[PDB]
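S.K.: Before anything else, here's the structure in question.
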Amino acid sequence: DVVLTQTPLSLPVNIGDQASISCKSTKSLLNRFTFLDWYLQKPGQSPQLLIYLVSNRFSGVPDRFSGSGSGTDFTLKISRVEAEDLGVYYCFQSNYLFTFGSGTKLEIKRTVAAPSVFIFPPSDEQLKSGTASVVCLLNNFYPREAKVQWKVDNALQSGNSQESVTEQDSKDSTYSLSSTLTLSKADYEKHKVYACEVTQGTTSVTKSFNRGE
Amino acid sequence: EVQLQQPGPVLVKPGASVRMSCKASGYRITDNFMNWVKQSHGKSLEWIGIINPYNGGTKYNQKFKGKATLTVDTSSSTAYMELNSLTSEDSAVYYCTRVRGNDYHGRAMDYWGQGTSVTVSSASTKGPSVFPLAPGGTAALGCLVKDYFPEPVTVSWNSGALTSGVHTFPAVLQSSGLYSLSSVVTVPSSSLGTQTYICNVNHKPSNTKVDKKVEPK
Amino acid sequence: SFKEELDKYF
């Protein structure tokens, strides 16, 4: 198979800045007509066509998006990047066995924003079922890197929590994150203070609650 | 307008076969080629094959010959892909696409279906349990959606009237082999006593919908 | 070549 090597695979850009993705092919895509396309997949949508025939803008696509190149070397440029341009960009060839590049994740780099942190005790409904889930929410923060630790009566927990993180928000360019601590009801009622500690850079924020209060 | 209509997510057993469909609307299916594309874990895109709906003629990515078979029913303007000998490696989103044609159109894929998300698993369907995540002038509340199978659940708030500030997290697979997720929303603290907040949880694989009013404790 | 097979096919 022809390989489409994209560089970079991760592409942080300021809003208003220029973004450039290279797509290099192991074999010339000239057909005589060069079949090289660019597709975009925004979070939670289907892929969509941006550029066909190396440089032709598909309908409804703004002219900030431009394609260029020949033979084996190709470039997609976004002149002035907007918040809503985030997603994964793919080159795609159809001169040989149709192949895609690995995809380039365009992320919006922005100013640091500390999370608003919330802790949720298990609901009484769940406790009547014999399990207890404690949830810590980190809302609208940047950058995405953050460490979340659970402490139960000041004992650091390990192995009993899972986290998940949203895609970058198309409006404000932030992330949000949840961490969920799972205990048995029997274990949950053995302890008093439940706390989630969120550390970013030189700052830790701990939110807590006292069981039965 | 042109539309490619694919069924929503399906759960199928390992070792079985599955036939998925793509109904073309707003154009004549025989006027354009069709590509099928596999997307694994929302990341890697992979061409499966191409069909000519006027001829029935097909061309396949080598890795998928013997695995996928493309066919069309022109009288019902529907394309089909059948996958045989299913394994967990076949869990993916399958897209049907319209191909503009040769030369000036670039063989490009100009219209895409919404995709069929296939889960290959021997585990049984199980509807979710829904628990309230109860509440500088900003309060957070939500719904914990626990112990369901297969994906997905969708969540709205106040029947879709409440959208700003909503975060529905990607599901996590628990050590039990069942999925869990939460959906949260941030609202003005001062709205808690007067506005009602209901999370609407839909799990189509189990034909279950749950509506849950989240009240302050 | 598979390129020519697609040219004919298209």
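Ligands are numbered from 1 in the order shown, chains are lettered A, B, ... in the order of the structure tokens, and residues start at 1 in each chain.
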Show me which bits of chain A are within 8 Å of chain B, counting only C-alpha atoms, as a count of residues only.
M.R.: 34
S.K.: Can you list every residue in stretch 42-108 of chain B that DSSP puts in strand (DSSP E or B), as a ChimeraX atom specification?
M.R.: /B:44-51,58-60,68-73,78-83,92-99
S.K.: Counting only C-alpha atoms, collect the residues of chain C whose closest atom lies at most 9 Å from chain B, and write them out as a list in words.
M.R.: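 In the required form, that comes to residues 6, 7, 9 and 10 of chain C.
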S.K.: Check every residue of chain C for an atom within 10 Å of chain A, counting only C-alpha atoms, and provide those that qualify as a list in words.
M.R.: residues 1, 2, 3, 4, 5, 6 and 7 of chain C
S.K.: Write the residues you've just listed into a file as an mmCIF file, in the first residue's frame, and include N, CA and C atoms for each of them.
M.R.:
data_model
loop_
_atom_site.group_PDB
_atom_site.id
_atom_site.type_symbol
_atom_site.label_atom_id
_atom_site.label_comp_id
_atom_site.auth_asym_id
_atom_site.auth_seq_id
_atom_site.Cartn_x
_atom_site.Cartn_y
_atom_site.Cartn_z
ATOM 1 N N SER C 1 -0.932 -2.759 -13.520
ATOM 2 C CA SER C 1 -0.890 -2.214 -12.169
ATOM 3 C C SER C 1 -2.295 -2.018 -11.610
ATOM 4 N N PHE C 2 -2.400 -2.001 -10.279
ATOM 5 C CA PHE C 2 -3.690 -1.752 -9.645
ATOM 6 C C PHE C 2 -4.185 -0.343 -9.954
ATOM 7 N N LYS C 3 -3.261 0.583 -10.228
ATOM 8 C CA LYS C 3 -3.632 1.902 -10.735
ATOM 9 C C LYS C 3 -4.374 1.799 -12.067
ATOM 10 N N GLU C 4 -3.857 0.992 -12.994
ATOM 11 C CA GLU C 4 -4.540 0.815 -14.273
ATOM 12 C C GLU C 4 -5.855 0.066 -14.110
ATOM 13 N N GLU C 5 -5.929 -0.844 -13.136
ATOM 14 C CA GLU C 5 -7.177 -1.552 -12.880
ATOM 15 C C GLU C 5 -8.267 -0.583 -12.440
ATOM 16 N N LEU C 6 -7.895 0.438 -11.659
ATOM 17 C CA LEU C 6 -8.854 1.456 -11.239
ATOM 18 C C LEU C 6 -9.203 2.400 -12.383
ATOM 19 N N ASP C 7 -8.227 2.738 -13.224
ATOM 20 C CA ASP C 7 -8.519 3.575 -14.383
ATOM 21 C C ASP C 7 -9.554 2.909 -15.282
#
S.K.: I'd like the neighbourhood of residue B:150 as a list in words, where a residue qualifies if any of its atoms comes within 9 Å (using only C-alpha atoms), though same-chain residues fewer than 6 positions away should be ignored.
M.R.: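 Near neighbours after the sequence-gap exclusion: residues 10, 11, 119, 121, 123, 124, 125, 126, 127, 178, 179, 203, 205 and 206 of chain B.
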S.K.: Grab the residues selected above and save them as an mmCIF file, in the first residue's frame with N, CA and C atoms.
M.R.:
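Writing the result to out08.cif gives the following:
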data_model
loop_
_atom_site.group_PDB
_atom_site.id
_atom_site.type_symbol
_atom_site.label_atom_id
_atom_site.label_comp_id
_atom_site.auth_asym_id
_atom_site.auth_seq_id
_atom_site.Cartn_x
_atom_site.Cartn_y
_atom_site.Cartn_z
ATOM 1 N N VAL B 10 -25.389 -1.095 16.213
ATOM 2 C CA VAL B 10 -25.875 -2.468 16.278
ATOM 3 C C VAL B 10 -24.911 -3.307 17.102
ATOM 4 N N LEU B 11 -25.460 -4.267 17.827
ATOM 5 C CA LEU B 11 -24.684 -5.242 18.567
ATOM 6 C C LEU B 11 -24.822 -6.601 17.897
ATOM 7 N N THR B 119 -20.792 -2.990 17.428
ATOM 8 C CA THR B 119 -20.141 -3.594 18.587
ATOM 9 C C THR B 119 -20.186 -5.103 18.408
ATOM 10 N N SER B 121 -19.702 -8.378 20.242
ATOM 11 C CA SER B 121 -19.586 -8.880 21.610
ATOM 12 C C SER B 121 -20.567 -10.015 21.861
ATOM 13 N N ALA B 123 -21.629 -10.429 24.979
ATOM 14 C CA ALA B 123 -22.364 -9.994 26.155
ATOM 15 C C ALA B 123 -23.771 -9.543 25.786
ATOM 16 N N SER B 124 -24.697 -9.750 26.720
ATOM 17 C CA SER B 124 -26.097 -9.393 26.544
ATOM 18 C C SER B 124 -26.340 -7.907 26.768
ATOM 19 N N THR B 125 -27.408 -7.411 26.149
ATOM 20 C CA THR B 125 -27.836 -6.040 26.362
ATOM 21 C C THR B 125 -28.321 -5.865 27.800
ATOM 22 N N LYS B 126 -28.054 -4.687 28.363
ATOM 23 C CA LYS B 126 -28.460 -4.330 29.720
ATOM 24 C C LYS B 126 -28.729 -2.834 29.760
ATOM 25 N N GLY B 127 -29.920 -2.445 30.198
ATOM 26 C CA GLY B 127 -30.240 -1.040 30.279
ATOM 27 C C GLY B 127 -29.540 -0.396 31.458
ATOM 28 N N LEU B 178 -19.236 -3.631 31.917
ATOM 29 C CA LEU B 178 -20.354 -2.747 31.643
ATOM 30 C C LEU B 178 -19.874 -1.303 31.600
ATOM 31 N N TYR B 179 -20.544 -0.502 30.778
ATOM 32 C CA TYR B 179 -20.200 0.899 30.577
ATOM 33 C C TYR B 179 -20.842 1.791 31.621
ATOM 34 N N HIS B 203 -31.289 4.821 25.886
ATOM 35 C CA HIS B 203 -30.457 3.673 25.549
ATOM 36 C C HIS B 203 -31.242 2.829 24.544
ATOM 37 N N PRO B 205 -30.274 0.465 22.376
ATOM 38 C CA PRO B 205 -30.080 -0.996 22.345
ATOM 39 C C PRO B 205 -30.989 -1.766 23.299
ATOM 40 N N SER B 206 -31.463 -1.159 24.386
ATOM 41 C CA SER B 206 -32.365 -1.835 25.313
ATOM 42 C C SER B 206 -33.784 -1.295 25.247
#
S.K.: Can you list, as a list in words, all residues belonging to stretch 105-166 of chain B that DSSP tags as helix (DSSP H, G or I)?
M.R.: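 Selection result, helix (DSSP H, G or I) within stretch 105-166 of chain B: residues 105, 158, 159 and 160 of chain B.
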S.K.: Report, in Å with one decimal, the straight-line distance from atom CA of residue A:101 to atom CA of residue B:63.
M.R.: 16.9 Å
S.K.: Quick one: everything within 9 Å of residue B:193, counting only C-alpha atoms, minus sequence neighbours fewer than 4 positions away in the same chain. Send it as a PyMOL selection string.
M.R.: chain B and resi 189+215-216
S.K.: To one decimal place, how far is atom CA of residue A:187 from atom CA of residue A:148 in Å?
M.R.: 21.1 Å
